[PDB]
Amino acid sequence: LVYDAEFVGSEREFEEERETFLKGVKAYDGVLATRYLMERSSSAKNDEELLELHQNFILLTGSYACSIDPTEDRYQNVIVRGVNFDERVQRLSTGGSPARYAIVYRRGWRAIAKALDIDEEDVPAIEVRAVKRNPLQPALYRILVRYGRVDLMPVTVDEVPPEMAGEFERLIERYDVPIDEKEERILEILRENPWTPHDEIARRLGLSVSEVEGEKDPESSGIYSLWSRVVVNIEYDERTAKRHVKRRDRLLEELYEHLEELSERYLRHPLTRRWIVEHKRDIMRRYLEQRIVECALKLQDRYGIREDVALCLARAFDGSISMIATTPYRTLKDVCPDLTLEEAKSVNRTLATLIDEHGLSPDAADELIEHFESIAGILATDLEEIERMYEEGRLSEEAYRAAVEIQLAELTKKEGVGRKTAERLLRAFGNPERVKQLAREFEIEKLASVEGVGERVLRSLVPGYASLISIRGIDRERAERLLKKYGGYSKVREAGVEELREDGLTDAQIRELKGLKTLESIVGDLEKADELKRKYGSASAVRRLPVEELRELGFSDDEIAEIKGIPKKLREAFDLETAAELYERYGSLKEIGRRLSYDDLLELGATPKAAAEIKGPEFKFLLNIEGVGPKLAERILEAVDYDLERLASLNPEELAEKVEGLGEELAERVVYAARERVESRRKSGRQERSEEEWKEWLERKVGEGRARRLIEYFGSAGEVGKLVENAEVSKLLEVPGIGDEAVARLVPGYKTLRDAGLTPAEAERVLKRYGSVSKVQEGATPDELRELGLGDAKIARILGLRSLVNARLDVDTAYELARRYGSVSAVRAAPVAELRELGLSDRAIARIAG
């Protein structure tokens, strides 16, 4: 059952043998492909050209087989099906090479291929056992192969001498040599037909096959023995040897070209190398030996086991990985003495988990392995079974405690499940897998009977029970009923409104269940809200729909204006199309008044008063001082950039300077009216919180306890507020009892910066530098944040560039796509040629759009 051989030659000889064997494999692949073409098409079966190609491939396979182990010393310990061929070849008179003597046997190439470390997944098969269509005498062919007679092996069907095929007797007539009567009775049949199978010769002569064949050595009796007696007496020709070697390599490529020609002629498609490998696999899978090799390769790749040890393991377990993983360590050492404990732990995951994660000895682990096969087996076995096995002395203390801990782990890893509660559950239901099954079956009242199984235990165990029990009115029995009827919380949520109403659920309960409180604000009823959530997805996605699609299947235009959040002035100054387009393109009515001109507002259909109110309140203020002029008032606001404060800042003389056509009397009135306005605003902003006000704000933001603890730690509530306004995150975190969830509720934006992966110190630096997180997202640059010590990943997370960077783009180019362009969504729709202009490769653009 074992195929093995060891290479002892040099590196140069190693490469020589590897190339020779690979070329022989290519030749035998040509043989098999010619056979496939012969049988695949009935027309190709008759073609003589294909038969010559097949015979040429046979000859080249034999020639390459003769060139393996030429010096007869590169291989040792050649084993084929348990038979050690080193000893069998040693006991022969002429000796020879054990490798070539192995290749003439069925599947003998497996040992030599393992000796050369040739990839066995591609099936490097080399067989020289052709009979019916062999252009030579089969026994003579095999003898020439095993004796390495690359000089006598022809490389072309035309070069085939008749003295080797039809007139095979003429080769014995050149050397005579002693002929036995038993061998004469074999030859008297071979003179009739030289291609007679050996079983046919044995069956027609009354003797067995081994007698007719004999040993491949002159000192024996048989056709092999006769050919060995003849071949050994033939002088080694050197010119023919090298001439054949140089020509056969190009001949193989020529034969492959012919094969592709015939394949395109009979199949209209070529026979690629990969297809030939797969067909070799298919033709060989009838024998278990390929599954053994595949299993050994999987053990080498996935688990890093040595080649010989993995190969021996695959034999001893029929190439079943799932079976080796359930075999105890002592049996593995018995079948493979060279196996290491670490290799066994790598292949047997249960053995590793027992020895390492639980500190058991190999024997203590083998106990549980034998009695329960796997960790899943332990999880399937009832606890009382293991207790009985332990108390009865059939299970050691170590193995018992380890198994009980393994069982308890599967339940304690859930929130609310203590050790006593897990033990009580195992008592009531045997094993944890039973508890999993009962939880998936929503057997809520069954589990609630066990002492210690509270609300949190059920919510952690029963998938979806939490979401249903939290709704008012839905009790435990009703939640179990719904989960069993519909089959999980997902199917309860996907259920129709009418059938949920038939179950007795209140409209409020269905609103809370299906999450339709947002949509039931837009539409008056539940059914259409549920239909909208079904068809379009989320309420937000409905808001993003165009005005026309919203008008279709919609109730009112005012509903469309309320959905998109259109202001009163903007909704009454234009039609729905233009108003919604302006709002979703500029965002704020103030932005409409600031970035668009007064004439542009009128052109779109705005009343002069409506167009003036769409303009900022600065416009309505300026026109009210004896009508400065709607055209000029804009340029007044265009200078100070729509800021009433900057209008009062500069000298009235400088105001008549910057803006064209202005009267100084008018210029003085606007500055005097601007200084009058800034005095009115301070009335509402004259409050900074007092001590009691800061105390109450603290009791609101962090609760009574932490508020007065902070008040005691620092000076007073005023000092705490001073620390807050300056974003002193570190100074607040010092106080014992104050953590992130309290600081983040004091310092706006702290939570967001922490979620981005920033340390409190980095978040403090960013908040101090930029003031707020929104200003970080709009204003901050990647280099600016890199000066503050942030990493590129943190920058990408905090700026919102995660989508772009996830598509294999550096943070700098993603920020450039935000700087030169606009939003991430807009980059996904940009033209490909513009991105190619910017300097991005084609793969990067494909990933951007993908």
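Numbering starts at 1 and runs along the sequence shown.
J.: Comparing 469-477 with 135-143, which has the greater mean CA B-factor as deposited?
T.: Per the deposited B-factors, the answer is 135-143.
J.: Using the B-factors recorded in the PDB entry, average over the C-alpha atoms of 449-457 and of 161-169, then report which stretch comes out higher.
T.: It is 161-169 that shows the higher mean C-alpha B-factor.
J.: Between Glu235, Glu443, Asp308, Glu719, which one tops the list for Cα B-factor in this entry?
T.: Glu235 has the highest C-alpha B-factor of those listed.
J.: At the C-alpha atoms, which of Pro194, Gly715, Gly304, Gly359 reaches the highest B-factor in this entry?
T.: It is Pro194.
J.: Using the B-factor values recorded in the entry, state whether the Cα atom of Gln437 falls in the lowest, middle or highest third among the modelled residues of its chain.
T.: Answer is lowest: the recorded C-alpha B-factor places it there.
J.: Would you check the entry's CA temperature factor for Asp199 and let me know if it's in the chain's lowest, middle or highest third?
T.: Highest third - that is where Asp199 ends up once the chain's C-alpha B-factors are sorted.
J.: Sorting by Cα B-factor within the chain, modelled residues only, which third would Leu205 end up in: lowest, middle or highest?
T.: Its C-alpha B-factor, which the entry lists for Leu205, ranks in the highest third among residues of this chain.
J.: Among the modelled residues of this chain, does the Cα B factor of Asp122 put it in the lowest, middle or highest third?
T.: For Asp122, the deposited C-alpha B-factor lands in the middle third.
J.: Comparing against every modelled residue in the chain, figure out the third that the C-alpha B-factor of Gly108 lands in (lowest, middle or highest).
T.: According to the entry, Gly108 has a C-alpha B-factor in the chain's middle third.
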